[PDB]
Amino acid sequence: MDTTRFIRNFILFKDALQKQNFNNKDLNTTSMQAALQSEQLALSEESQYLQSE
Amino acid sequence: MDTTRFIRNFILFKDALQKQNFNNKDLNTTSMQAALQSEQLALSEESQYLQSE
Amino acid sequence: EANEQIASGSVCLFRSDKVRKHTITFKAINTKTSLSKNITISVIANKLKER
Amino acid sequence: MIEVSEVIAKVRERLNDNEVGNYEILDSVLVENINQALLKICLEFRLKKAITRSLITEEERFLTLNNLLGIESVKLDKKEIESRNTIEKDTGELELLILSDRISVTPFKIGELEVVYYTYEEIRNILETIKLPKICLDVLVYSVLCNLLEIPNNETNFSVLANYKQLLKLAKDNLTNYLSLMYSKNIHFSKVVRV
Amino acid sequence: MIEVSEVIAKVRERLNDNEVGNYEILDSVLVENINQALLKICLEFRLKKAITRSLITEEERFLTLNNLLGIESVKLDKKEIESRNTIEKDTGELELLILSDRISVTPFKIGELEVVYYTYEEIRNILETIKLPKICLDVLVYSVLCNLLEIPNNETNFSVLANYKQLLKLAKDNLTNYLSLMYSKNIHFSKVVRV
Amino acid sequence: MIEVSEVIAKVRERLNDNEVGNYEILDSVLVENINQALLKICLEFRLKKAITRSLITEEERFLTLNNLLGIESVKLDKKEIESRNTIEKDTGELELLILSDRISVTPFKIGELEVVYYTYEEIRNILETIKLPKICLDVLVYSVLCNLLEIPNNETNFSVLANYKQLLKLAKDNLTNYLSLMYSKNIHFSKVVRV
């Protein structure tokens with residue numbers, strides 16, 4: 001993974017899933033899983049953007 | 001993922017699934033999962049639109 | 213946006229801290245001639261953090 | 001005194017409908033449901049006692065009350081009226097005729113009526129104010145909220161309604177506590193039966 | 001004395017809303033809920049007794065109290081007032097008329113009223129201070145927290161509310177312990193019935 | 001005597017927050033919670049008895065105590081004061097007026113007050129020391145720990161709180177054992193009732 005993009009996506013997913021509606025452990029876990037899936041998607045984004053460029 | 005398209009799709013899925021019928025945590029979770037699937041589809045949309053162009 | 217150097221060569225990492233639409237100019241100077249090119253990167257605020 | 005704004009705000013928050021723009025539940029619906037809640041609350045607890053002392057003659061025979069819930073004492077020229085009826089008996093014992101918020105005397109006799117009854121003072125605008133003790137707030141919310149939860153928005157709405165029923169029961173217990181502390185004697189022993 | 005800041009901080013921490021920037025729950029909502037909690041706490045435990053000794057004449061007939069919860073003793077010229085009513089009886093026994101935080105005497109007689117009642121001293125600002133024993137802190141939190149948990153943020157909010165109800169019951173037990181130690185006799189035996 | 005450092009360290013270890021750099025729970029929060037725990041512990045077990053023997057005259061009428069929990073004996077010029085009240089009765093029997101950590105005499109009489117009461121000596125700094133028996137350590141931890149476990153960090157926080165409640169009950173049993181061994185008679189038989 002890329003680290004800083006993972007940190008920004010983790011922060012953004014903790015902002016979208018607002019923590020008032022969430023237990024903290026499940027919030028951090030769901031944000032981490034969604035950020036890992038976002039990294040797996042962003043790899044293919046990098047490949048497609050290189051091809052389009 | 002692309003961030004601003006994810007934010008707009010998250011907002012639109014929270015408008016479609018109206019929050020009067022939804023508990024807030026499950027609403028935000030289903031909107032986040034649908035927005036991630038929409039990003040995974042929009043990658044292939046970008047590839048197909050580049051090919052069609 | 214006027215001449216302010218923000219990178220070194222062929223790659224740029226554009227942090228904004230603004231709201232406006234920025235216009236970044238790629239510049240290739242040489243002993244013979246020089247070239248420039250414009251790109252427009254629009255910044256928005258987070259819709260979730262607002263109100 | 002309770003403002004309608006705070007009842008409405010609590011109900012909107014509880015229904016996950018605290019959005020100014022959308023308002024999935026129209027304010028007319030909320031004001032009607034609040035009127036229903038005031039009905040039930042004032043009936044069950046006999047909150048509002050009103051006294052009306054008018055005169056009935058052969059010209060006008062009926063006494064038009066307003067938002068009637070029940071009659072607990074009737075006097076005609078300082079004479080107790082005993083039975084209640086809705087049938088307009090021709091003659092016999094002297095009874096009180098009730099005609100759906102119109103009061104008269106059955107074997108009609110000229111005189112005056114001193115009637116004790118119960119009232120709503122229901123609301124019609126969001127900017128109005130409910131003249132009830134503040135302790136009655138939670139019983140107004142939890143009672144109007146159970147009236148709206150049974151819109152089929154969610155598949156688990158009835159369990160939520162069941163939880164709000166217990167919350168309403170506790171609120172009514174608090175209200176009974178308040179009413180006993182206000183309008184009841186401060187006694188600690190009973191009296192011996194005297195026959 | 002309890003500062004409102006510490007009650008608010010505990011509630012914010014407990015609601016997973018201890019974020020200065022966001023504040024998903026507005027401070028107006030918290031102050032209103034704290035007022036409700038003070039209502040319920042002061043009603044159930046009769047925490048605050050107040051004495052008012054005014055005079056009623058034909059010019060002004062009513063005694064305006066404030067944040068009334070209950071009346072436990074009324075004297076008129078050092079004469080006990082016995083019954084309570086809200087109907088303005090014309091004549092008969094001498095009763096106390098209660099008009100939703102206005103006190104008078106029903107078959108009106110010129111004189112003075114010495115009334116013992118209960119009070120809120122509710123709050124309106126986050127920087128205020130609640131004049132209650134510190135032992136009352138946990139009962140204020142756990143009671144206002146059960147009022148906010150039933151916003152449908154989570155699908156398991158009502159079980160959490162049920163847990164907080166038991167916690168509140170224990171807090172009330174502690175408060176009763178304190179009140180008995182303060183305002184009750186230190187006795188260890190009963191007295192024989194004397195008839 | 002218990003140092004605050006060791007209570008804090010045990011709580012940090014138990015909360016999986018024994019990290020010097022991070023400190024997810026601020027030390028102000030811990031010191032406030034420890035003050036709450038000292039409140040509850042000293043109230044329930046009547047740990048600290050204090051005696052104050054001052055004089056009240058017409059100039060200064062009230063006796064300002066500190067961290068009051070309960071009054072168990074009042075003497076005025078070696079005369080027992082019987083009842084307790086908070087209402088400032090004008091005349092009658094001689095009662096003790098309590099004004100939220102201010103003590104006076106209700107139908108005021110010049111004299112002296114010898115009052116036995118209970119105290120906190122609460123803490124405000126992490127480097128302070130709690131003047132309590134060391135056996136009271138586990139009851140301070142397990143009681144302050146149940147106050148912090150109900151922050152919604154985990155979905156299984158309330159079962160953990162329930163376990164810590166039983167642990168706290170055992171700690172209180174140990175504390176009662178200690179208190180009986182210290183401040184109670186060493187007797188093995190009862191006395192016959194003498195009437």
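Each protein sequence line maps, in turn, to chains A, B, C, D, E and F.
Okay, so the first sequence: first residue is 1 according to UniProt numbering, each after it adds one.
Okay, so the second sequence: first residue is 1 according to UniProt numbering, each after it adds one.
Okay, so the third sequence: first residue is 213 according to UniProt numbering, each after it adds one.
Okay, so the fourth sequence: first residue is 1 according to UniProt numbering, each after it adds one.
Okay, so the fifth sequence: first residue is 1 according to UniProt numbering, each after it adds one.
Okay, so the sixth sequence: first residue is 1 according to UniProt numbering, each after it adds one.
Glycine residues also receive a C-beta, built at the ideal position from the N, C-alpha and C atoms.
query	result
CA-to-CA distance, residue 31 (chain A) to residue 24 (chain B), given in whole angstroms	16 Å
Segment contact, 8 Å Cβ cut-off, at least three pairs: the stretch 150–165 of chain E with the stretch 42–57 of chain E	no
Three-state secondary structure (DSSP) of residue 49 (chain B)	helix
Whole-angstrom C-beta distance between residue 51 (chain A) and residue 17 (chain E), which should lie under 8 Å	About 45 Å separates the two Cβ atoms, so there is no contact after all.
Contact with chain F by residue 28 (chain A), beta-carbon distance below 7 Å	no
Test: residue 9 (chain B) CB closer than 7 Å to a CB of chain D	no
Validate contact between the stretch 67–79 of chain F and the stretch 107–119 of chain F using beta carbons, cut 8 Å, 3 pairs	yes
Beta-carbon proximity list for residue 6 (chain B), same chain, < 7 Å, skipping 5 on both sides	35 and 39
Validate contact between the stretch 101–108 of chain F and the stretch 63–72 of chain F using beta carbons, cut 8 Å, 3 pairs	yes
Stretch pair the stretch 135–150 of chain D + the stretch 171–185 of chain D: three plus CB contacts closer than 8 Å	yes
DSSP-derived helix/strand/coil call for residue 52 (chain D)	strand
Neighbourhood of residue 171 (chain F) by C-beta, 6 Å cutoff - its chain only, sequence neighbours within 5 removed	138, 139 and 142
Residue interval of the beta strand (DSSP E) (run including residue 96 (chain F))	95–98
Minimum Cβ-Cβ distance from residue 48 (chain A) to chain B less than 7 Å	yes
Rounded C-alpha distance that separates residue 8 (chain D) from residue 123 (chain E)	21 Å
Alpha carbon of residue 59 (chain E) to alpha carbon of residue 75 (chain E), nearest angstrom	20 Å
Residues in the stretch 129–159 of chain F having any Cβ partner in chain A nearer than 7 Å	152, 153, 154 and 155
Supposed contact pair residue 11 (chain F) and residue 145 (chain F) - C-beta distance, whole angstroms, cut 8 Å	6 Å
Partner residues on chain E for residue 14 (chain A), Cβ-Cβ distance less than 9 Å	The contacting residues do not exist; residue 14 (chain A) stays about 11 Å from chain E at best.
Nearest neighbour of residue 228 (chain C), chosen from C:263, C:257, C:242 and C:250 [CA to CA]	C:257
Short CB-CB distance (under 7 Å) between residue 13 (chain D) and chain B	no
Residue 3 (chain A): first and last residue of the uninterrupted alpha helix (DSSP H) it sits in	3–16
Residue 19 (chain A) at chain E interface by Cβ criterion, 7 Å	yes
Residues, ordered as in the chain, of the stretch 67–88 of chain E that lie near chain D by beta-carbon distance below 8 Å	68, 69, 70, 71, 72, 73, 82, 83, 84, 85, 86, 87 and 88
For residue 96 (chain F) and residue 71 (chain F), believed in contact at Cβ under 8 Å, the rounded distance	7 Å
Beta-carbon separation (whole angstroms), residue 237 (chain C) vs residue 248 (chain C), contact threshold 8 Å	5 Å
7 Å Cβ cutoff met for residue 252 (chain C) and residue 239 (chain C)	no
Whole-angstrom distance between residue 167 (chain E) and residue 86 (chain D), CA atom to CA atom	54 Å
Beta carbon proximity, residue 52 (chain A) to chain B, threshold 7 Å	yes
Cutoff 7 Å: residue 33 (chain E) Cβ touching any chain A Cβ	no
Per-residue DSSP class, three states only, for residue 28 (chain B)	helix
For residue 41 (chain D), three-class secondary structure by DSSP	helix
DSSP three-state assignment for residue 117 (chain F), whether helix, strand or coil	strand
Of the listed residues D:2, D:115, D:94 and D:120, nearest to residue 106 (chain D) (C-alpha basis)	D:94
Chain A residues whose Cβ lies nearer than 8 Å to that of residue 24 (chain E)	18 and 20
Unbroken beta strand (DSSP E) run spanning residue 250 (chain C), endpoints	246–254
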